[PDB]
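Notes for the structure review
So the chains spell out like this:
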Amino acid sequence: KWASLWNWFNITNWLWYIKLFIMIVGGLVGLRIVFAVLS
Amino acid sequence: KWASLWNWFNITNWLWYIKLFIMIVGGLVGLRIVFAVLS
Amino acid sequence: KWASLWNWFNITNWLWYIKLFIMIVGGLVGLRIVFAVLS
């Protein structure tokens, strides 16, 4: 089981506004900028 | 009519959480990663 | 002081509906497309 760690994980993914759910998208797309620079 | 076509647009798109509204944008960034890996 | 601009800035960013909060993520992806077309 992991019920208390699941509640914070749900908070960390996106339980209220924005979070990883959007910030996985913003950082990956940012990352392709400097990736074109160095690759 | 306007209300019926806007209703058909919202059901097919993103009436509720996430949908093609996030999935169409997020899968296109996913597609470039592996594009570099295999190119 | 700063209030008339700031309230405008927040409504420009995102109060209700899409705005720069979805336009930074979306236009950044739509950037990678022409990137690849010209590279």
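Residues numbered from 1 in each chain as written, not as in the entry; some residues may be left out. Chains lettered and ligands numbered in written order. Heavy atoms only, no water.

- Under its PDB record, the entry appears with the title "Oligomeric Structure of the HIV gp41 MPER-TMD in Phospholipid Bilayers".

1. Section: the relation of the copies chain A and chain C
- Once chain A has been moved 1.2 Å along the axis and rotated by 117°, it coincides with chain C to within an RMSD of 0.9 Å. Within this description, the copies of the chain are treated as partners about a three-fold rotation axis. Considering only C-alpha atoms, the part of chain A nearest the rotation axis is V29 of chain A, at 3.7 Å. (Least-squares fit on C-alpha atoms.)

2. Re the interface of chain A and chain C
- Between chain A and chain C, the residue contacts involve 8 residues of the former and 7 residues of the latter.
- When the two sides are added together, the surface that chain A and chain C hide from each other amounts to roughly 680 Å², 90% of it contributed by carbon and sulfur.
- For the pair chain A and chain C, the interface holds 0 salt bridges.
- Across the contact surface, chain A and chain C share 1 residue pair in polar contact.
- Residue classes in the side of chain A that touches chain C are distributed as 7 nonpolar, no polar and 1 charged. (Contact = heavy atoms within 4.5 Å. Buried area = accessible area lost by both parts, 1.4 Å probe. Salt bridge = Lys/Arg side-chain N within 4 Å of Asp/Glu carboxyl O. Polar contact = N/O pair within 3.5 Å; in protein donor to acceptor, adjacent residues only side chain to side chain. Nonpolar A, V, L, I, M, F, W, Y, C, P; charged D, E, K, R; others polar.)

3. Details of the interface of chain B and chain C
- Across the boundary between the two partners, chain B contributes 5 residues, which contact 7 residues of chain C.
- Counting across the chain B and chain C interface gives 0 salt bridges.
- At the junction of chain B with chain C, the criterion picks out 0 residue pairs in polar contact.
- Its residues placed into classes, the side of chain B that touches chain C shows 4 nonpolar, no polar and 1 charged.

4. A short note on helix α2 (residues 19-38) of chain B
- End to end, α2 of chain B covers 28 Å across 20 residues, agreeing with the expected 28 Å (1.5 Å per residue, within 8%).
- For α2 of chain B, the full list of buried residues reads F21, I22 and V29 of chain B. All buried residues of α2 of chain B lie within an arc of 95° about the axis, which places them on one face of the element. Relative to its buried face, α2 of chain B has exposed residues pointing more than 90 degrees away, namely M23, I24, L31, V37 and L38 of chain B.
- Residues of α2 of chain B that are buried sit in contact with α2 (19-38) of chain A together with α2 (19-37) of chain C. (Helix = DSSP H or I, 4+ residues; strand = E, 2+ residues; numbered from the N terminus. Expected span 1.5 Å × (residues − 1). Buried < 20%, exposed > 50% of the residue type's maximum accessible area, 1.4 Å probe, protein only. Arc of directions from axis to C-beta.)

5. What about the nonpolar core?
- Ranked by size, the top nonpolar core spans 8 residues in total: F21, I22 and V25 of chain A, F21 and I22 of chain B together with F21, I22 and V25 of chain C.
- Contributions of two or more residues to this core are made by α2 of chain A, α2 of chain B together with α2 of chain C.
- Ignoring sequence-local partners within four residues, the contact set of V25 of chain C consists of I22 and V25 of chain A together with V25 of chain B. (Core = buried A, V, L, I, M, F, W, Y, C linked by side-chain atoms within 4.5 Å.)

6. Here we look at the packing of α2 of chain A against α2 of chain C
- Running from N to C, α2 of chain A and α2 of chain C point in directions that differ by 35°, and their axes come no closer than 10 Å. Seen from above, α2 of chain A lies across α2 of chain C with left-handed handedness. Residue-level inspection shows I22, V25, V29, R32, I33 and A36 of chain A of α2 of chain A in contact with α2 of chain C, the latter providing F21, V25, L28, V29, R32 and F35 of chain C.
- Partitioning the contact of α2 of chain A with α2 of chain C into residue classes produces 10 nonpolar, no polar and 2 charged. (Axes fitted to C-alpha atoms, helices over the stretch in contact; angles between N-to-C directions. Left-handed = near helix turned anticlockwise from the far one by under 90°.)

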